[PDB]
Amino acid sequence: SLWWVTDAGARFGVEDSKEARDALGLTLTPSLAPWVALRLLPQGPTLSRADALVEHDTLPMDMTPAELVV
Amino acid sequence: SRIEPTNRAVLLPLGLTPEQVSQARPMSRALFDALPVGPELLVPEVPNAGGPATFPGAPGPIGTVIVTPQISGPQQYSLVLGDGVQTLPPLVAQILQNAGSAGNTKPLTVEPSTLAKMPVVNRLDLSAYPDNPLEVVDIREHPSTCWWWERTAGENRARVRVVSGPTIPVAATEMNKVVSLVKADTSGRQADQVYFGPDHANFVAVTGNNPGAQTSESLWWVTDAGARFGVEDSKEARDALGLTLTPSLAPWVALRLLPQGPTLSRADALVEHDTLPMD
Amino acid sequence: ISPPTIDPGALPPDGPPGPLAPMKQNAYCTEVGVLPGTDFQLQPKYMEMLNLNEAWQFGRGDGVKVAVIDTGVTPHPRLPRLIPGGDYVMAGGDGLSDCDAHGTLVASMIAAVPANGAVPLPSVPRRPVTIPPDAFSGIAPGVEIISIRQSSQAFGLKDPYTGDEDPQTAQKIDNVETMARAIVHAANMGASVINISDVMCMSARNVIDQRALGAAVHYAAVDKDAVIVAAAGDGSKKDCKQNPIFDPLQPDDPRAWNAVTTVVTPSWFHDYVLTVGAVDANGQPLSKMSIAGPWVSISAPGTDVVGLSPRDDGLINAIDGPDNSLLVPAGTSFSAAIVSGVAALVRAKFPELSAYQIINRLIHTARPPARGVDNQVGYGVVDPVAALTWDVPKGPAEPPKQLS
């Protein structure tokens with residue numbers, strides 16, 4: 001399985017297929033990592049072309065957020 | 001105004017036909033709420049009909065139609081009530097004869113000398129009916145109709161009119177850039193298309209629907225994509241976004257049709273998220 | 001605080017009105033007057049928002065009985081359709097005299113008849129006060145008003161000892177009990193709109209037992225189909241203090257029931273009672289004067305009040321204050337009067353609908369606030385002409401299945 005990790009600490013799954021790779025870039029070969037560690041990062045939706053093709057008027061609100069303190 | 005297909009007495013003088021009325025096309029819920037309601041098109045209900053008159057020399061029982069001879073000048077119709085007579089417009093006299101016929105087909109003709117003795121009275125309202133036949137538009141050639149509200153800066157009154165045409169009142173060149181919305185609300189209270197013409201307004205204040213409304217109840221922001229977002233009316237929220245300016249007026253009947261997004265306020269934005277959901 | 005619950009077995013038994021213990025009058029009745037420079041030939045400023053000239057086309061609300069549970073009403077030649085219902089403050093009364101100037105103002109704002117060259121009832125048999133050409137018109141001149149005298153500031157107990165309960169709290173329990181009885185009695189009179197313009201504020205800490213009041217509200221709202229409308233509560237009263245609003249860090253409950261500190265009753269029963277907040281004559285909420293609880297549901301005007309004068313035969317603008325000062329009335333106690341008139345007009349045009357449906361017709365046609373639903377004002381500002389003509393869905397509000 002292939003994963004993309006953001007600087008903010010979130011992980012997203014990436015499709016193995018030529019379409020998904022060619023569109024994002026990611027042609028180079030990935031590095032290895034152990035599942036006992038990688039599973040500790042929070043998970044977002046997978047980047048699949050088939051689900052990006054959507055329209056919305058308004059988005060759903062996020063329950064249980066956290067405070068930004070200045 | 002409401003009208004019934006069974007009331008042949010009123011359909012005929014106006015110039016309508018029972019089949020024509022029954023085959024009329026639909027009307028959207030959106031437009032149904034926008035138009036103000038007027039009194040119904042029905043036969044006038046003359047009070048205490050048939051009894052004898054109070055005044056002397058009355059030409060007939062209360063509710064009969066009187067007319068004067070053409071040789072003395074243009075004919076004036078009138079109605080005899082209990083305490084006197086009140087004038088009638090030409091189009092209404094025809095309805096009273098047709099409806100109040102009961103077999104009778106014509107009025108009583110009386111001379112000016114005998115008419116002049118009768119006292120003048122005014123006891124029933126009749127301003128609803130037009131004074132001439134209706135120029136009904138053939139819907140096949142004009143399938144579009146719209147309600148229009150406008151107010152000029154510095155005026156105390158808004159102008160309300162109705163528009164009819166072959167297509168939506170937008171310029172022929174711009175017909176390509178009408179925005180087609182998604183439609184989550186199935187209650188029939190949300191529009192299908194939105195258009196931002198010349199001199200459009202972004203920042204708006206809600207006002208009453210009647211032409212004489214003067215209130216200014218809440219502030220909203222309308223985006224190019226068609227959604228509307230609310231703004232909390234506080235000095236810190238107004239200045240942070242850069243909305244220290246005077247807002248333009250808008251009526252609730254028209255504005256309620258755009259989809260509503262989250263509220264803009266300083267307290268709502270001071271939050272952190274790991275990742276967003278997707279219901 | 002958990003939302004109210006109801007046990008219909010607690011209904012109070014029916015009976016003629018009478019206090020729980022003997023009482024005597026302790027203060028003189030309040031004097032009234034007019035502010036300098038007023039001109040009663042102009043309409044009150046609050047009547048522009050209602051657009052009455054267009055709303056009256058469909059009728060003036062003939063044949064509707066409205067119950068005014070308050071400090072009673074004093075007869076006047078402009079109220080030809082007043083009925084004496086009862087008294088809970090003095091055993092010998094019938095609710096047809098108000099010592100506090102509050103009662104006749106609320107009633108006259110609903111049903112006073114417009115001016116004419118001669119009055120229908122020129123006779124003036126009204127009794128004296130007890131000791132120890134014109135533009136004004138009501139919202140629905142055709143209604144019939146029932147008066148019931150529920151509360152007053154001028155009276156007190158004539159054996160003041162109260163035992164093991166603090167004399168301050170001992171009076172609250174008597175009020176909660178005496179309020180339930182008046183609602184049950186007014187329903188048996190056949191009223192179709194019950195208006196309540198006096199309410200209690202209580203600390204959230206050890207709220208008083210309201211079981212008797214809960215069943216009484218349910219009986220009148222469901223089995224007798226009455227519309228109950230109550231004021232959000234004026235903030236100048238003895239114990240009312242301001243409540244917190246929505247909190248963005250906890251989307252758990254959008255009305256914020258978990259942060260309540262002051263409870264207003266009977267306004268508390270948001271499932272069967274319609275609560276009205278206040279706004280000024282321009283449309284801004286009276287942020288400093290009305291309690292912003294989570295139960296609030298609608299709002300209406302509340303300034304520039306005008307009404308028929310008790311103890312006189314003309315109009316008034318102010319009441320005689322504690323000092324020599326002439327003090328002007330304002331607040332939710334009057335806004336609830338405006339909505340009581342609109343409710344009467346609506347359920348004259350749609351006589352087939354039940355109470356739960358008439359309420360939805362008023363809520364859905366109101367102009368909403370920036371947050372969609374708020375606490376200082378409920379769904380928005382009331383709108384008469386819209387309530388009488390738009391095509392409202394018969395079902396309650398529902399969220400969409402999917403937005404994408």
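Here, residue 1 is simply the first one shown, and the rest follow in order.
Any Cβ shown, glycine's included, is placed from N, Cα and C.
Quick look at what Swiss-Prot annotates:
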ACT_SITE  C:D70  active site, charge relay system
ACT_SITE  C:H102  active site, charge relay system
ACT_SITE  C:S333  active site, charge relay system
Local Cβ density at C:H102 (active site, charge relay system) - other Cβ atoms counted within 10 Å: 23
In three-state DSSP terms, the structure that C:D70 (active site, charge relay system) belongs to: strand
DSSP state at C:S333 (active site, charge relay system), helix/strand/coil: helix
